[PDB]
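Basis for what follows: all heavy atoms, side chains included, without hydrogens, waters or symmetry-related copies. Chain identifiers are assigned alphabetically (A, B, ...) following the order of the sequence lines, protein sequences preceding nucleic acid strands; residue numbering begins at 1 within each chain.
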Amino acid sequence: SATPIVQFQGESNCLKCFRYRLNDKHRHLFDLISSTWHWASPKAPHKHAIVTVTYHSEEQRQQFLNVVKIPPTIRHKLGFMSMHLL
Amino acid sequence: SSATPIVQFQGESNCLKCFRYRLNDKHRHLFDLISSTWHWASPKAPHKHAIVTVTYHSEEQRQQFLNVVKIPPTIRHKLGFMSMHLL
């Protein structure tokens, strides 16, 4: 009962443009997608905007990664969050 | 292990930012990282409200934050984990 996630990081406008593209072409390939966010203030490991994308399964996550071109300005990291946070 | 302990706070977003400024101001040494307010977007989401995520160096650290910090009437919380490499 961990949910598969991908975090996308980058300049917010490019990140929101990438969010837009996902909602327009690749919507069947993820479950939820967040507003842009960042780690606060004096402690951040980075000062770049972040978008969280969640999946119904690992199969969906892998098919998203296969089908979608991720912009070279955008970086991405795979992980999990507890399912009950959703 | 490679799982970071977290607390996810929820509520009206002005309440959450007010609470967030309080955490940063008085309770900084009681947690690791804290997000800006965010929500699930897209025609898709589950809930209706904004969210702030707080990360910890351990479960004992999170335990002590929760006995120390007074959570405003307007704010709900859940405990969870996320991958450490996402931080």
Novice: Between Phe80(A) and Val53(A), is there shared hydrophobic-cluster membership here, with clusters defined by ILVMFWY side-chain heavy atoms closer than 4.5 Å?
Specialist: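 No; tracing contacts between hydrophobic side chains, which count when under 4.5 Å, never links both residues.
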Novice: Determine, step by step, whether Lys43(A) and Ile34(B) satisfy the side-chain contact (heavy atoms from CB on, under 4.5 Å) criterion, reporting the C-alpha distance in whole Å, the side-chain angles of both residues, the deciding distance to 0.1 Å, and the verdict.
Specialist: CA-CA 9 Å; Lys43(A) 92 322 185 54; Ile34(B) 189 169; 3.3 Å; yes
Novice: Whether the side chain of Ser35(B) engages the backbone of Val52(B) through a donor-acceptor N/O pair (distance < 3.5 Å, no angle test) should be reported.
Specialist: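 Between the backbone of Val52(B) and the side chain of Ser35(B) there is no qualifying donor-acceptor contact (under 3.5 Å).
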Novice: Quick test of your reading: applying side-chain hydrogen bond (donor to acceptor under 3.5 Å, both in side chains), list the pairs with at least one residue in residues 6-19 of chain A, sequence neighbours left out, ordered by first then second residue.
Specialist: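 Matches after skipping sequence neighbours: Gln9(A)-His46(A), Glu11(A)-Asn13(A).
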Novice: Do you reckon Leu85(A) sits in the same ILVMFWY cluster as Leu66(B), going by side-chain contacts under 4.5 Å, direct or chained?
Specialist: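 They do not share one cluster, since no chain of ILVMFWY contacts under 4.5 Å joins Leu85(A) to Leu66(B).
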Novice: If I compare all heavy atoms of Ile70(A) with all of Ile74(A), which pair ends up nearest, and what's the gap?
Specialist: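 Distance-wise, the nearest heavy atoms are CG2-O, 3.7 Å.
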Novice: Shared ILVMFWY cluster between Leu33(B) and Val7(B), side chains joined below 4.5 angstrom?
Specialist: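 No, because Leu33(B) and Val7(B) fall into different hydrophobic clusters, even though each may have its own neighbours under 4.5 Å.
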Novice: With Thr3(A), which residues qualify under side chain to side chain contact (heavy atoms under 4.5 Å, CB included), at least two apart?
Specialist: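 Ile5(A), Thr54(A), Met81(A), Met83(A), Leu86(A).
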Novice: How close do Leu30(B) and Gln64(B) get, counting heavy atoms only, and between which atoms?
Specialist: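 Distance-wise, the nearest heavy atoms are CD2-OE1, 4.2 Å.
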Novice: Applying salt bridge (charged side-chain N to carboxylate O under 4.0 Å, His left out), which residue pairs with at least one partner in residues 60-77 of chain A are found, sequence neighbours left out?
Specialist: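 Qualifying pairs: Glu58(A)-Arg61(A).
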Novice: Please report the closest heavy-atom contact between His84(A) and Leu79(B), naming both atoms and the distance.
Specialist: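 For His84(A) versus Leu79(B), the nearest heavy atoms are NE2-O, 2.7 Å.
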Novice: Say you draw a straight line from CG of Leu15(A) to NE2 of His48(A); how long is it, rounded to the nearest 0.5 Å?
Specialist: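 If we round to the nearest 0.5 Å, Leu15(A):CG and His48(A):NE2 are 8.0 Å apart.
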Novice: Would you indicate whether the side-chain heavy atoms of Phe31(B) and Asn24(B) approach each other to under 4.5 Å?
Specialist: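 Answer yes - side chains close enough.
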Novice: What residues form a side chain to side chain contact (heavy atoms under 4.5 Å, CB included) with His39(B), not counting sequence neighbours?
Specialist: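 Only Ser35(A), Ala41(B) meet the side chain to side chain contact (heavy atoms under 4.5 Å, CB included) criterion with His39(B).
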Novice: Taking side chain to side chain donor-acceptor pair (under 3.5 Å) as the definition, give me every residue that meets it alongside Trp37(A), ordered by chain and number, with sequence neighbours left out.
Specialist: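 Expected list: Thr52(A).
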Novice: Less than 4.5 Å apart, any side-chain heavy atom of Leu22(A) and any of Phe64(A)?
Specialist: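 They are in side-chain contact.
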Novice: Honestly curious: do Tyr21(B) and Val69(B) fall in one hydrophobic cluster under the side-chain, below-4.5 Å linking rule?
Specialist: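 Looking at the clustering, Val69(B) is in a separate group from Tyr21(B).
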Novice: Is there a continuous path of hydrophobic side-chain contacts, each under 4.5 Å between heavy atoms, that joins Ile51(B) to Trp39(A)?
Specialist: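 Same hydrophobic cluster.
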Novice: With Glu60(B), which residues qualify under side chain to side chain contact (heavy atoms under 4.5 Å, CB included), at least two apart?
Specialist: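 Partners of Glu60(B) by the side chain to side chain contact (heavy atoms under 4.5 Å, CB included) criterion, ordered by chain and then number, come out as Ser58(B), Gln63(B).
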